[PDB]
Amino acid sequence: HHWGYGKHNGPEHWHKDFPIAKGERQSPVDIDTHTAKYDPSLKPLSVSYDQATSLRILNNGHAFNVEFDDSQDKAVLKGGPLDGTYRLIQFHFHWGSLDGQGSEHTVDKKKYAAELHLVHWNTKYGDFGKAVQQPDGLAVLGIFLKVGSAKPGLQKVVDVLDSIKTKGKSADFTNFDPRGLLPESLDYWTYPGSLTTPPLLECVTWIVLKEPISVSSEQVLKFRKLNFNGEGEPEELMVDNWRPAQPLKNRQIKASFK
Ligand SMILES: NS(=O)(=O)c1ccc(NC(=S)OCCc2ccsc2)cc1
Ligand SMILES: [Zn+2]
């Protein structure tokens, strides 16, 4: 009886095995754009992905992860609210069964069709595992997806999903360039939060871009053909793998733009 996104194992149940689910700095949150304040103390954000080295794509039963070789200082996030350098380790998405839902963060209560999470760990802690014992261990760059024009840079992801349909399947996935998943603008909102799945650890500086990317209906329909189950088990489509917004508690969301 493992956590998931169903009626008997989804977000309202997670707190029994992960009591931090009811913590002081849980994610995602609704971003109330009128309450968020421009912060002149934010430095410029730097997303340096030119030497990113993807390795593999994996269906972990909750989403799919595109994994990167993080053994060298290569694809890194710095600046903005961050102190020092954060290294890309993986990205993944959350998405809906219908285009009207799927994002984790919301913007003035609006849900996007999906949300991309580029996950980075603070290199001062040596590795990801030690980073998730720290309040500033991780930085997740979140990007909303809306349905419209196709995102050409996403197609290589979409085209490999048939090989990883079920939980536990992986495929080689080298030479994928995550630059092709970014919008034009780096304007963002930021706040301190958590992982949005178990173990829900409160280690994350969230950086959520304001400008969504557009993906086509056909691209997101291929996400919805993935399975939460493993091979040979009864089909349960991998859809609605998002946690809803959590209480903001004693936090302020800061904007990078005036
Ligand atoms: N949705 S989220 O971005 O908050 C988020 C990010 C990471 C995690 N946890 C983990 S354990 O990611 C592990 C990624 C990894 C490890 C080996 S290579 C890929 C859970 C939720
Ligand atoms: Zn995520």
Side-chain angles (χ1 to χ4, degrees), residues 2-5 10-11 14 17-18 20-21 23 25-29 31 52-72 74-75 77 86-96 101-106 111-123 125-145 157 164 167-174 176 178 181 188-209 223 226 228 238-246:
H2 288 322
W3 70 264
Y5 294 96
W14 293 352
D17 286 299
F18 300 98
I20 202 175
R25 57 161 264 204
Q26 289 290 292
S27 293
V29 299
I31 299 166
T53 309
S54 58
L55 287 172
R56 190 177 76 131
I57 189 170
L58 171 72
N59 179 333
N60 56 25
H62 308 290
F64 65 82
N65 291 169
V66 173
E67 300 159 354
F68 289 79
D69 170 358
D70 63 352
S71 71
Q72 210 128 198
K74 279 194 320 221
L77 187 65
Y86 288 69
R87 198 175 290 176
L88 179 68
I89 181 168
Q90 54 108 320
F91 69 76
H92 62 274
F93 303 80
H94 305 260
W95 61 91
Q101 63 198 54
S103 65
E104 295 208 303
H105 294 88
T106 55
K111 296 172 164 84
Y112 286 87
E115 187 172 329
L116 165 60
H117 289 162
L118 293 132
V119 181
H120 312 74
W121 55 271
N122 188 333
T123 63
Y125 306 122
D127 65 81
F128 178 92
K130 176 58 62 165
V132 300
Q133 297 174 39
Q134 318 302 150
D136 61 350
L138 299 182
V140 184
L141 180 63
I143 301 178
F144 295 120
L145 277 63
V157 173
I164 56 151
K167 182 179 169 177
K169 280 207 78 172
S170 64
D172 242 67
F173 202 68
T174 49
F176 176 81
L181 296 174
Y188 63 85
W189 299 280
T190 184
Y191 73 98
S194 74
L195 303 179
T196 70
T197 69
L200 302 170
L201 296 170
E202 292 181 334
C203 311
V204 182
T205 301
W206 278 95
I207 299 168
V208 178
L209 298 190
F223 286 14
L226 287 167
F228 285 124
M238 186 178 276
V239 296
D240 295 315
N241 58 350
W242 54 274
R243 189 188 194 192
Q246 300 301 305

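Just follow the structure's listing: the first ligand is 1, and inside any ligand the first atom is 1. Along the sequence shown, residues carry numbers from 1.
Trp121 places no side-chain N or O within 3.5 Å of a backbone atom of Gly126 that could act as its donor or acceptor partner. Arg87 places a side-chain N or O within 3.5 Å of a backbone atom of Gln72 that can act as its donor or acceptor partner.
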Tabulation required: pairs of a nitrogen or oxygen in ligand 1 and a protein nitrogen or oxygen under 3.5 Å; columns are atom names and distance to 0.1 Å; otherwise 'none'.
residue: ligand 1; atom: 1 (N); partner: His92; partner atom: NE2; Å: 3.2
residue: ligand 1; atom: 1 (N); partner: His94; partner atom: NE2; Å: 3.3
residue: ligand 1; atom: 1 (N); partner: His117; partner atom: ND1; Å: 3.4
residue: ligand 1; atom: 1 (N); partner: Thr196; partner atom: OG1; Å: 2.9
residue: ligand 1; atom: 3 (O); partner: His117; partner atom: ND1; Å: 3.4
residue: ligand 1; atom: 4 (O); partner: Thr196; partner atom: N; Å: 2.9
residue: ligand 1; atom: 12 (O); partner: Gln90; partner atom: NE2; Å: 3.2

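Listed by chain and number, the protein atoms of type N/O/S under 2.8 Å from the Zn ion (ligand 2) are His92 NE2, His94 NE2, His117 ND1; waters are omitted.
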* Check against ring pair (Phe, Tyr, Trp, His ring centres under 6.0 Å), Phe64 and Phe173 -> CA-CA 12 Å; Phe64 65 82; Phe173 202 68; 8.7 Å; no
* To do: Given side-chain contact (heavy atoms from CB on, under 4.5 Å), test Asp17 with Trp3 step by step and report yes or no.
  => CA-CA 9 Å; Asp17 286 299; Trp3 70 264; over 6 Å; no
* Evaluate ring pair (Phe, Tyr, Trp, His ring centres under 6.0 Å) for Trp95 paired with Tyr112, printing each intermediate quantity in order. => CA-CA 9 Å; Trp95 61 91; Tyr112 286 87; over 10 Å; no
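Judged as a side-chain contact (heavy atoms from CB on, under 4.5 Å), and not counting sequence neighbours, the contacts of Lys111 are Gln101, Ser103, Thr106, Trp242. The side chain to side chain donor-acceptor pair (under 3.5 Å) test applied to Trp189 returns no partner, not counting sequence neighbours.
The shortest heavy-atom contact between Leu141 and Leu77 is CB-CD2, 4.5 Å.
We find that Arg56 and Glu67 are joined by a salt bridge, their nearest charged nitrogen and carboxylate oxygen being less than 4.0 Å apart.
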